[PDB]
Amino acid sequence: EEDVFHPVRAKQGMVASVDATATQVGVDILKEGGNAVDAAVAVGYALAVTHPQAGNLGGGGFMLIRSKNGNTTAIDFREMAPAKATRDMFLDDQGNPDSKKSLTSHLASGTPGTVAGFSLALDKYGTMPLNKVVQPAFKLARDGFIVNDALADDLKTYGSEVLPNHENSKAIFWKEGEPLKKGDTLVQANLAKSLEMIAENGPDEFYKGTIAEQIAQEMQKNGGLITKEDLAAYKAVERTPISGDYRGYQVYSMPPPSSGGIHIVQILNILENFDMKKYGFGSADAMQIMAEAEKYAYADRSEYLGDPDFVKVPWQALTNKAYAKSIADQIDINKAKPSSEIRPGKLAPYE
């Protein structure tokens, strides 16, 4: 009764996502007997249809899996830069980065890993066949769904900046010269075909089949770099999670190529040296301490983080409590330290 905000409650299974339809797809999979991984993959495919803003088959991501028995693992299905990618590929003739090249041109794309990631996880930790978890998404793409406020808003705001500039994109998301409106029905026939072939032929359809051909051609005709060799060489990678201990609670998150796990653990290590509970939420002291701690973490991020398969990341040092203590001792609860006075830490004494 003292609560202003109440959580949703369930006794058996639960799914939380940015889209009602996708969430319901996941819940149905659970009700059908699928495990968390089965449902997670089903939700991922559904979002690739109902949440084109971010749900995808043409992007990448990370998955954290923790079995009922405690086994915790990370699935890295982050995109890989094309084999033809080069260090200065986004610089203009004067040597200055061109954000257009890295955000709106065909050169902005990395080789997609989502399909590979979902199959790696489904095959090893799931229980249902790919066709069964893809089916819900397939139907949504084939038969369509009603455009809601979220999608209508994003199409009008963010979509207007890029979707109408590409023939194939405009043919799907635009209508009568305007972004699809709330209430309209969005049918994605081509995506449905792609989903159908993945369901029937497996992930190879995306990385070596017709889809791979379509991606390669899209790139070749528009100055892009992703080739069939790139797609055939893509691999999702299972990696050990980065974790820490905060006041007796263990925190698990993504390891490099993500910087998330390392800095969340690093910052928590710093905060552990302060009585956060005493200060309380929304207090100037709590915010002061956390803002300061965050500065050091982001400074370290700019120097030490990258793809572990190419560079050695000093993750042990960065998540070392003695190092965190050395940072905590620098924090003045009454005076912020300008970022100009903060540089990546010296990790030598902690590695």
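So that there is no doubt, residue numbering starts at 1 and follows the sequence shown. Here, rigid core means the biggest group of C-alpha atoms that superpose within 1.5 Å across both forms.
Greater C-alpha displacement in 8 other deposited structures of this protein (rigid core superposition, RMS over structures and residues), of 89 to 97 versus 145 to 153: 89 to 97. Stretches 209 to 217 and 268 to 276 differ in mean C-alpha B factor, with the higher average recorded for 209 to 217.
Looking at 228 to 236 and 259 to 267 together, the entry lists the larger mean B-factor for 228 to 236, computed on C-alpha atoms. As recorded in the entry, 178 carries the highest CA temperature factor of 178, 154, 76, 79.
Highest C-alpha temperature factor among 32, 292, 38, 303, as the PDB entry reports it: 32. Compared with the other modelled residues of the chain, the Cα B-factor recorded for residue 330 ranks in the highest third. In the PDB entry, residue 143 places in the middle third of its chain by CA B-factor. Among all modelled residues in its chain, residue 311 ranks in the highest third by Cα B-factor.
For residue 83, the recorded CA B-factor ranks within the highest third of the chain. Only modelled residues enter the ranking. Ranked by C-alpha B-factor against the other modelled residues of its chain, residue 281 falls in the middle third.
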